[PDB]
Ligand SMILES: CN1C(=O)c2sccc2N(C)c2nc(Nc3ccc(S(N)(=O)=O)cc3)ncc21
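Here you get one chain, nothing else, as structure tokens; it is the form solved without the named molecule.
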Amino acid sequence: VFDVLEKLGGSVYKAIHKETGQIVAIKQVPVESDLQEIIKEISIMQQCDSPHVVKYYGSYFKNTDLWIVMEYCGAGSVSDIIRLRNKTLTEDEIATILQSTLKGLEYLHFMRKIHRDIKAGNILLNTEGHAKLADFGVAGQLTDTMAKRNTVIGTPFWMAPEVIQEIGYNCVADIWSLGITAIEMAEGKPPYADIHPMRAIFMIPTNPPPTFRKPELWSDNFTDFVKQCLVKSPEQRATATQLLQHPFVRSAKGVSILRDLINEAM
């Protein structure tokens, strides 16, 4: 049923679906492990149907292992691509990638889900250059009787001020994480990266919004895009829908402009 090839990363494999020839990824996890986040991730992906979100195809038991079958993203994460090439991204490459990422967020947020771990390591590119959100293992779900989440969770440098403070928060926590991700893609690491993450988390609520390390390298469009994402007040912060109309994003080139990037990395 599945013809497993090489190890890409328990662990991840490339495989063919012998009934279609379609390539998939199969994550192998031993059943006797902590499956808490695997369970949450799959429950969230099962509810999603979007070309900007990694798809889940199903699960199997095999010799005391659990095999999870998922959409295959050939180029890997944006973070991998940056390491492989040893180069940060250009304004155009970032505008294209984040346009698709924002369509993913617009979809999730309409569906009442907060990803909670947006960062370059969790945006995946397929070989045609289409970005997809992955890794839903700490995602939150809003409901009728729960209009805010309050769990302090995510990855420290990318966490929104309101997520760190005790107050509840909603989907726009992800928009803060996206601004940090824009900086990470342009500069190679998030603000506060050289300081202890348990120290940085206490600074995030009290400090002014982060800026670019070298403001002179970047256009006014890109500079303004990051400013809007990183508005400290959650109630004032732009939505994903609104940011898709931002001049930095709405004029983004087609995915053809990432062909250099993928080819070089792969």
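Numbering starts at 1 and follows the sequence shown. We call the rigid core the largest set of C-alpha positions that still match within 1.5 Å between the two forms.
What comes next is about the form solved in complex with the named molecule, which is not displayed.
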Between the options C73, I183, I164, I94, which residue brings a heavy atom to within 4.5 Å of the named molecule in the deposited bound form?
-> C73
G104, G154, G121, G129 - the one with a heavy atom within 4.5 Å of the named molecule in the deposited bound form | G121
Within 4.5 Å of the named molecule in the deposited bound form, all of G9, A25 and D80 (non-hydrogen atom) = yes
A200 near the named molecule in the deposited bound form, any heavy atom under 4.5 Å?
-> no
Does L84 make contact with the named molecule in the deposited bound form, using a 4.5 Å heavy atom cut-off?
-> yes
Does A139 make contact with the named molecule in the deposited bound form, using a 4.5 Å heavy atom cut-off?
-> no
Would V54 count as a contact of the named molecule in the deposited bound form, using a 4.5 angstroms cut-off between non-hydrogen atoms?
-> yes
Could you tell me which stretch in 222-230, 64-72, 205-213, 237-245 has residues with non-hydrogen atoms within 4.5 Å of the named molecule in the deposited bound form?
-> 64-72
Stretch 132-149 - residues with a heavy atom within 4.5 Å of the named molecule in the deposited bound form = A134, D135
Threshold 2 Å Cα movement between this form and the one not shown at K253, rigid core reference = no
C-alpha of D34 off by 2 Å or more between this form and the one not shown on rigid core = yes
Shift of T64 between this form and the one not shown at or above 2 Å (CA, core fit) = yes
Would you mind telling me if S33 and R116 are closer or farther apart in the deposited bound form than in the shown form, C-alpha to C-alpha, with a 3 Å or larger change?
-> closer
Change in CA distance between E32 and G140 in the deposited bound form, which is 3 Å or more, as closer or farther = closer
